[PDB]
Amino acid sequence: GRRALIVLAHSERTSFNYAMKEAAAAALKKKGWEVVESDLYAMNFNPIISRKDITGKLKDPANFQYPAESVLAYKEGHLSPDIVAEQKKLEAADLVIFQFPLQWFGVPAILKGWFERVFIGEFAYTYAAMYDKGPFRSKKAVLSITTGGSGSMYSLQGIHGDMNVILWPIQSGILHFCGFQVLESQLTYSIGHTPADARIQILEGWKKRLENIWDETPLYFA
C-alpha cells in the first residue's frame, strides 16, 4: 500500500499532458497505490517566492533574506498554508511523478516556482545532508516529459545537444540534491507529429511501465 504524488504543470485539461496524468493515476490506483495530485494550474499555485511565504513577524524585516527566513519559518511552523499543504503531500509520498511539457529546455515556470517555494531548507535539504544523504532518500521521483522536438534533435549530433545534459540541473541539481532516488525519465518526443492511435499506445506504454515502476533500478550518480 504505497503512496504516490503526481505534480502536473499544464494549463489545459484537453492537453496530452493532462491525459498522461490521468493515465498515471489510473494505472497506479489499479495497482493498489494511493494517489494524491498537485495540478499547479488548477490550484492556481503561486510560484513566486516572497516574504509572504512566512506568516507573522520576521527576524530581519529591514533586510529580508529568503533562505534564512524561510528555513526558520519551516522549523518554527510559520510557513504559508499553501506551502505547508504541499510539503505534507511530499512527506506522505513514496513516489513523486512530475508531468510537464518541456519549456525552453526545462520545467515550466509554475513548476520551477513550486520547487523554490516548497523545497525549503531543513525540509528538502540541508547544507550538511544532500544528495545520497538527502531528506528524501527513502523516496523515488520520475520526470515524464513531452517535447515538440525529436529525440534526434536532442542528441550529440542534433542541434539541441544531448537530453541528459539538458535534464541534469533538474534530475541531479534538484531531485537527487534533495535525496530522491531518481528513476529514468519518460520522454515523449515529437508530440505534434504523433497520430491518434500512436498517442493511445503512448498512454498504454506509460501505464504499463507504472505497473512495476517501484522495482526499477534508479539512475547512477557519481
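Throughout, we count residues from 1 along the sequence that is shown.
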**Q.** Stretch with the higher entry mean CA B-factor, where the candidates are 27-35 and 169-177
**A.** 27-35
Q.
Quick check: 122-130 versus 137-145, which has the larger average CA B-factor in the record?
A. 122-130
Q) If you check the C-alpha B-factor for each of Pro195, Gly56, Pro47, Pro67 in the entry, which is highest? A) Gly56
Q.
Looking at the temperature factor on the CA atom of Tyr189, which third of the chain's modelled residues does it land in?
A. lowest
Q.
What third of the chain does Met153 rank in for C-alpha temperature factor, lowest, middle or highest?
A. middle
Q: Consider only the C-alpha atoms of the modelled residues in this chain, order them by B-factor as the entry records it, and name the third containing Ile159: lowest, middle or highest.
A: highest
**Q.** Relative C-alpha B-factor of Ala19, binned into the chain's lowest, middle or highest third
**A.** lowest
Q. If you rank every modelled residue in this chain by C-alpha B factor, which third holds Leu210: lowest, middle or highest?
A. highest
